[PDB]
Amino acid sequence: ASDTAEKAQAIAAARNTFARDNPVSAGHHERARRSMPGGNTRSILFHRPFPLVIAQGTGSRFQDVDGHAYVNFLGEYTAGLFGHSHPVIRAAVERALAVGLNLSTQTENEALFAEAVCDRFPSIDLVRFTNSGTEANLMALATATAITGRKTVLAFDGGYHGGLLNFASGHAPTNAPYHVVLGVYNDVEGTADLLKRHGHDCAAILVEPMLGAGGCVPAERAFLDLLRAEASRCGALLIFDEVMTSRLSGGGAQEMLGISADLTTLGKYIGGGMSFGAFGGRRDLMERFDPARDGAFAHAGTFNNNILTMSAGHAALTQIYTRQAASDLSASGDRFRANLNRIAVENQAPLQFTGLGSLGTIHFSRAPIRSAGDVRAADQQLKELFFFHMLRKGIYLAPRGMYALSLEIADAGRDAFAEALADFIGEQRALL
């Protein structure tokens, strides 16, 4: 996928149309720049020429400050599973307020939520709550390094484990300075080599069962089988980062695969749209945090047990996104992704959607997408054009071309997405 002047000119024109369409968002951006770096507090939300500012949303719909309406296919990078105004989440928030905020003590609600997590995730015997997936993964590494007394962590290029463990572009100088060795996702022979070299000092292997932010790239069974066998052989803890993949069945990727990680990290939708993360796993590892134990590890955090997350999360798992709901949404998402790919094939379009269940990302290539290198080698210019095209069609998804279907997406939204994809292929024929 080589950059062309024609594609760059098309991007320039699309950015210009977006800018002309959205002068109020542009004004907001100039003001926001005065208080936050680049008017930004979450890097992924920025895109050129400037990001949209949204005024309000209900269900699957939102409206920008210029008055334009969209269907939200982004769904908060998988956290926004309930849409913008779910009545059961609202009711949980109301119940939480009636219990009381900042009670400075435990409530029964945290235990009920923990039970709901333990009931449905087959390798989580005990769990602790954090305030983000970033904290969950940090605590999983804290656990593995403290238990094993080892320092080396095996992770994968393209892997994303939060703001301090971001390997989406390889090593980053802002990452917490764990001794991380990066392998290639899905590369069996290369990873086997790394584990022979490093296994002796390996505290943990940290891996998503599908690269999420890194392109909705499913792990192959052979790759995960290697990690499970070698973690056990060398005495490293296998950590499955299921922050995104947990939604894929009642029991996440582990239920689907019949493979158990030693620790599992969770985040995003499970707190019902409230701040949330969790790390859990084997009883004998997690019991090291029992505060009554001699030599207990400490896991602090002011908002860990906050009543809003405990209430909304329990509702999310037991009242809304039940195990059957997870199966249904994943089957719905599979049919959706298949339809998009069918549209590509029918039109001889050099593009595909990868992913699992209700999660997907477009890639402008028909080569196998198996690692971060494959994702990067696909056409990035067409990817940007696709984002702006979908916006003009009233469809909002990630700038990077990822959707994550919420429970509020229905036939009308799915049809509109499919139609807009067909229109993109037609209108951009010269560039494809």
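If you superpose the two forms and keep the largest set of C-alpha atoms that fall within 1.5 Å, you have the rigid core. Start at 1 with the first residue shown and count on from there.
Once the structures in 5 other deposited structures of this protein are superposed via the core, the pair 393-401 and 379-387 is resolved in favour of 379-387 as the more displaced stretch (C-alpha RMS).
After a core fit, the C-alpha atoms in 5 other deposited structures of this protein lie farther on average from the shown form in one of 96-104 and 223-231, namely 96-104. Stretches compared: 189-197, 96-104. Higher mean C-alpha B-factor in the entry: 189-197. Remark: stretch with higher mean C-alpha B factor among 411-419 and 5-13 is 5-13. Highest CA B-factor among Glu208, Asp262, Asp334, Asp284, as stated in the entry: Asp284. Take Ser327, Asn347, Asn306, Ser246 and read off each C-alpha B-factor from the entry; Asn347 has the highest. In the deposited entry, the Cα temperature factor of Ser365 sits in the top third of values across the chain's modelled residues. Sorting the modelled residues of the chain by their CA temperature factor places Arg128 in the lowest third.
Per the deposited record, the Cα B-factor of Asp119 falls in the middle third when ranked against the other modelled residues of its chain. When all modelled residues of the chain are sorted by CA temperature factor, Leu397 is found within the middle third. Per the PDB record, residue ranking by Cα B-factor puts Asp241 in the lowest third of the chain.
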